[PDB]
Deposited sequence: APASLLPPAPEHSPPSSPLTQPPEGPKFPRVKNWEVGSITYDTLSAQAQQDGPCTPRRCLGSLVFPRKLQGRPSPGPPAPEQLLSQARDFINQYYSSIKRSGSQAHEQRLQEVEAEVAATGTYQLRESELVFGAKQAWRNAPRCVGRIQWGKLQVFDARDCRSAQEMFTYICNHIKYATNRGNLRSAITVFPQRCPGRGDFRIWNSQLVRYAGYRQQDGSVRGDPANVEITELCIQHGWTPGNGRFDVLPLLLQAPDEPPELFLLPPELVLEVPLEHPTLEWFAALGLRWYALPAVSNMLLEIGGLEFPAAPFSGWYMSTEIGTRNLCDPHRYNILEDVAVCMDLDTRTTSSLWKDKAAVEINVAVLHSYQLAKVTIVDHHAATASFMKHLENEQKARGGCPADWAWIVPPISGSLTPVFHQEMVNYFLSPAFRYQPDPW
């Protein structure tokens, strides 16, 4: 009942005993594995009791005075109000834990270094925007990026939810044409149409930074222009391909996910944007080279004078590698934090070893940890992994429409 886990590069063997704590059942059954799928009232107390227990064991204070006291308070709070408020230190600990528990995140070696902004006293989309602006400016830090999350008020019954409508704080417009197809980012055609619907003046470019749609409880969303000085972007050039700059490509400094639901101790935060720094394959391989994204691969290959007439020239692979080189070179020249997929996966292996000793294993989603180029060149390819759900957690949630 404790899965054996082997690293095939070295031959080492561990057992994941932490898996025995998995709460939310995943999508797989003994008869079929669905691991490759992107998307698969007094019980609030069991999750609260559990999470409070997590907190006190973490500080070596299980079964000691303040532990018991805190247990009664949440019990009394739920009895009196049907919910409870997290202590500040508990909110901090829970945010770090939800990051630590994210099976798809290869950057979790950093999970202990996370700046948590407490926005639980927020009210109105105007307050949200100032909070989001504080976060962006702190996280960006003139290109010396710092992991951060801003936690807006939790969900309560009978009253609407705080929501950010954009999937990220920086996104880039996607405009249909005289022919359906898209100029800009095809991943954001929908929110680009929602923004224009609510009064935004669309640009014409391929890299127009979208406005924010911020939603206070039970109000229509409100458009907000982001201060252009606050959105740090990187023009893309290549160290030796002089023409690469003339392609006019750019990407933004801060990856800040703004549509996921943060769940701690049974409480739900549908507005809790978190940010870190990019792994270069996210920009260079997925965002720029996915066929349903900017799809630039063949354009770069023509410029490199590659033989695109036959797949066996590996022109796709060569063009992709140089795009990733340009992402890394450009961010480093701009002094904007970035990590290549070799360094990131080596650090994740160290993370796995740390978590083995600390908690007896680590929930990891192989298909998302292995980078989208040069998979088997990285050590995580040869590492068997066990995927399961622990709480606190970041969860996906429906769009607010």
Sequence ranges absent from the coordinates, based on the deposited chain and numbered from 1: 1 to 26, 67 to 79
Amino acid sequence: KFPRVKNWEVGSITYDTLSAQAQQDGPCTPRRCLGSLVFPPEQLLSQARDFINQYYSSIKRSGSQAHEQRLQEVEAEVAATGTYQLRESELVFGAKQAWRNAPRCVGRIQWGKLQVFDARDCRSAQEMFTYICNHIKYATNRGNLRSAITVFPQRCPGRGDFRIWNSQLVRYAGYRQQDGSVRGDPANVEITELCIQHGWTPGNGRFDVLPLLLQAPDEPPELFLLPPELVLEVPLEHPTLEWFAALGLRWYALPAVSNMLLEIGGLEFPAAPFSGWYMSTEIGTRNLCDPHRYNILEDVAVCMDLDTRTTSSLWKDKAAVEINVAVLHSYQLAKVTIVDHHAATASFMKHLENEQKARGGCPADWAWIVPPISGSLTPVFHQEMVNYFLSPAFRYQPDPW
From here on, numbers count along this sequence of modelled residues.
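Superpose the two forms; the largest set of C-alphas matching within 1.5 Å is the rigid core.
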Could you check whether 177 to 185 or 101 to 109 drifts more from the shown form in 8 other deposited structures of this protein, using RMS Cα distance once the core is superposed? 177 to 185
By Cα RMS to this form in 8 other deposited structures of this protein after fitting the core, the stretch ranking higher of 70 to 78 and 324 to 332 is 70 to 78
What about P40, left without coordinates in a third or more of the other entries of this protein that model its neighbours? yes
Tell me which stretch has the larger mean Cα B-factor in this entry, 199 to 207 or 139 to 147. 199 to 207
For the C-alpha atoms alone, is the average B factor greater in 387 to 395 or in 16 to 24, going by the entry? 16 to 24
Which one, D365, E68, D340, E355, has the peak C-alpha temperature factor per the PDB entry? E68
Among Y252, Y84, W315, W99, where is the Cα temperature factor highest, going by the PDB entry? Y84
Based on the deposited C-alpha B factors for this chain, I'd like to know if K113 is in the lowest, middle or highest third. middle
Relative to the other modelled residues in the chain, which third contains the C-alpha temperature factor of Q168: lowest, middle or highest? middle
Taking the values exactly as deposited, rank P372 by C-alpha B-factor within its chain and report the matching third: lowest, middle or highest. lowest
Taking the C-alpha B-factors as the PDB entry records them, is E242 in the lowest, middle or highest third of its chain? middle
Modelled-residue ranking by C-alpha temperature factor, third containing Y175: highest
